[PDB]
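What the sequence shown shows, in the deposited numbering, is residues 4 to 42, 51 to 270, in sequence order.
We put the beta carbon where it would ideally sit given N, CA and C, even for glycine.
For reference, the structure is listed below as structure tokens.
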Amino acid sequence: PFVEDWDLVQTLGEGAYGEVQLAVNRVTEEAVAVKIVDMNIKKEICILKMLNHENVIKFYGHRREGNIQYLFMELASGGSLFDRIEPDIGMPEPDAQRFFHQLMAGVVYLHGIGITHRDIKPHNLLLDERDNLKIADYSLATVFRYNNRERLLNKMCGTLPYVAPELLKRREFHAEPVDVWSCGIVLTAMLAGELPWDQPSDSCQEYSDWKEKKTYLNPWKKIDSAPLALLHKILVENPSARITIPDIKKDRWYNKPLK
Ligand SMILES: Nc1ncnc2[nH]cnc12
Ligand SMILES: [Cl-]
Numbered sequence: 004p005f006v007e008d009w010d011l012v013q014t015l016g017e018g019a020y021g022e023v024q025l026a027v028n029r030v031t032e033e034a035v036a037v038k039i040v041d042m051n052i053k054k055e056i057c058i059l060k061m062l063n064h065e066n067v068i069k070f071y072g073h074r075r076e077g078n079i080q081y082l083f084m085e086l087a088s089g090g091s092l093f094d095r096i097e098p099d100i101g102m103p104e105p106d107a108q109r110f111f112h113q114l115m116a117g118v119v120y121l122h123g124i125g126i127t128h129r130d131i132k133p134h135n136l137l138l139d140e141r142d143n144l145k146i147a148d149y150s151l152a153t154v155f156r157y158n159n160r161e162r163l164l165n166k167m168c169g170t171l172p173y174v175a176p177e178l179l180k181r182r183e184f185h186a187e188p189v190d191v192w193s194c195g196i197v198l199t200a201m202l203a204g205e206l207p208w209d210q211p212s213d214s215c216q217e218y219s220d221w222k223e224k225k226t227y228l229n230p231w232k233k234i235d236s237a238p239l240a241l242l243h244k245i246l247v248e249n250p251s252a253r254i255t256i257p258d259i260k261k262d263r264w265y266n267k268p269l270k
């Protein structure tokens, strides 16, 4: 299979929203990623064209060919953060910190252009050949600030183990604290190789245990006290008391020099 000058050479992803292909230009040998949708997409493309940052997947352009749309994007040949997390272990704290720094730089960037991602998780955090983190997949992304005016969200979306509790409990909620929460669950996964709860509900025992500060349980007992103090500020049930990214950047562990 092929599109104009490009050959589609191998599958990088095959989900609900189409397939992602490695695309190699037959002439130039340039490798890119191509998202293939058999036709919502108007919006995603509008958002993709806004994106210009070292920790966000760049958009190159699109081609309609009948019922098939082709979205051309920066390739991340390093795979996903998901593949760097050892189950039950996590990864070395200095690698976690570096990835967390890059993830915060990407999320500040998106929030600064009034975009919320809404599905931050290790599968959506891709690595380039230098292990640089790229926030990918803008199929659920939306505008939360336009003409300097914030709009609250009401659509429930994301992935239950990563979603903030307000998204299950409130009719409308602020976008930014939901993305901050999901970054906290990503940091837990990196440092513990395990997700803390199926979902942040009153009916979820592991969530109740965290609210009662039972940090002698897993996954918290595998996490050093410094990163764990940051996770205490991020995974705060009240989204107005939750730490903001400006304040994450003043955290002791965030600024701790590591191996
Ligand atoms: N799934 C993916 N794999 C590699 N690079 C990509 N760029 C966008 N999506 C990608
Ligand atoms: Cl995990």
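Asked, Found
"Check: residue 47 C-beta below 7 Å from any heavy atom of ligand 1", "Between 42 and 51, the chain has no modelled residues, which means residue 47 does not appear in the coordinates."
"Cβ-heavy atom distance, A200 to ligand 2, below 7 Å", "yes"
"Residue of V40, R156, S212 and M115 minimising C-alpha distance to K180", "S212"
"8 Å contact criterion, which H185 and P250 should meet: CB distance rounded", "6 Å"
"C-alpha gap between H128 and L151, whole angstroms", "7 Å"
"CA-to-CA distance, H243 to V23, given in whole angstroms", "37 Å"
"C-beta contact flag for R156 and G125 at 8 Å", "yes"
"Separation of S88 from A237, as counted between CA atoms", "32 Å"
"Beta carbon of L144 nearer than 8 Å to that of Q113", "yes"
"Residue burial classification, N66 (beta-carbon count within 10 angstroms, cutoff 16)", "buried"
"Beta-carbon spacing of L241, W264 below 8 Å", "yes"
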